[PDB]
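Only one chain is included here, represented as structure tokens and corresponding to the form deposited in one PDB entry.
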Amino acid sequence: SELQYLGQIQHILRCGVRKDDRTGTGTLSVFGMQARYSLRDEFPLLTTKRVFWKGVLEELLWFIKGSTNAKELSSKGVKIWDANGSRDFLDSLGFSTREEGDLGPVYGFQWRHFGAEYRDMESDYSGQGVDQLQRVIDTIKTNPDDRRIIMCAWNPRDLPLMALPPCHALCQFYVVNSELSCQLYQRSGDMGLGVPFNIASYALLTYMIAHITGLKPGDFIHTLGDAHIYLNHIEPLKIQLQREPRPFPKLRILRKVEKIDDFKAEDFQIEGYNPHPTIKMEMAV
């Protein structure tokens, strides 16, 4: 299962093409990839290197609450968005009225209030826009055979107001034999840094929704647009490519939860996570 992520890494280093990008760093890029990770009695948290599990759980709870306040996530110890919410970055993009830590209409806002008019990170939008997350849960409970259980974060209207446009832009759920599956379309994949994080994030979301809807976790299908390896990540990924993968850990939910909003960080427990040492990979800014 983890061999699919490693096979994608090996393919990019061997068959990828050099390609410049929004940053000064270069990449080896491949367009159009797909991998399938089993969620059955296992959780795909990569073992060939340590994955920031605390950031995965806290950011998803941050998404579900509909928050767009990077400082609210930074207070829980996760600073993965602080760079895109810094005063000097909001000023550069012309957001001279947003307080520091206001990312704009991002994942949390699109999942819960699609179409609503965005004010600021402190506003309450309850009852405004389309609650895609709850409608997805409702359609699973009442019509599992529905082929439209889709949550989309790509809003061309709200794109200019975002610090960073969504990378995981669209996801779709699927039910058969009481198994809940999820496919994610990711337009841009940092194979060294973001991709292992995003895999754990959407596998966690499937476990949450399967717990609420009474289903068993099935598969996670990771579909990529621009799958790229930054040049400064080639050697860190060559080290990881020599490590033998270990069995995936397991995820246990500690209490019966009724609504998706009732989940707390203490409700989750990772078991048997024995990863290889952390491999440093700088973030391209």
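One-based numbering along the sequence shown. In this text, the rigid core denotes the largest set of C-alpha atoms whose superposition between the two forms falls within 1.5 Å.
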Out of the other entries of this protein with residues modelled on both sides, is residue 107 skipped in at least a third? no
I'd like to know whether residue 129, which is modelled here, goes unmodelled in a third or more of the other compared entries that cover its flanking residues. no
Stretch with the greater mean C-alpha B-factor as recorded in the entry, comparing 123-131 against 167-175: 123-131
Tell me which stretch, 244-252 or 217-225, has the higher mean Cα B-factor listed in the entry. 244-252
Residue set 94, 196, 144, 189, per-entry CA B-factor max assigned to 94
Which of these, 153, 210, 161, 149, has its C-alpha atom at the highest B-factor, as the entry lists it? 161
On the chain's distribution of Cα B-factors, residue 26 falls within the third called highest
Going by the entry, which third of its chain does the Cα temperature factor of residue 69 land in? highest
Going by the entry, which third of its chain does the Cα temperature factor of residue 35 land in? lowest
Looking at the entry's B-factor column for C-alpha atoms only, identify whether residue 41 ranks in the lowest, middle or highest third of its chain. middle
By the recorded C-alpha temperature factor, relative to the other modelled residues in its chain, which third is residue 259 in? highest
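Another form, the form deposited in another entry, is not on view; read the next lines as being about it.
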The residue to pick from 165, 194, 129, 144, given a Cα shift of 2 Å or more between the shown form and the other one after core fitting, is 165
Does residue 25 show a Cα shift reaching 2 Å between the shown form and the other one after rigid-core superposition? yes
State yes or no: after fitting on the rigid core, is the Cα displacement of residue 155 between the shown form and the other one at least 2 Å? yes
With a change of at least 3 Å, which way does the C-alpha separation between residue 167 and residue 275 go in the other entry: closer or farther? farther
Pair residue 67/residue 164, Cα separation in the other entry versus the displayed form, closer or farther by 3 angstroms or more: farther
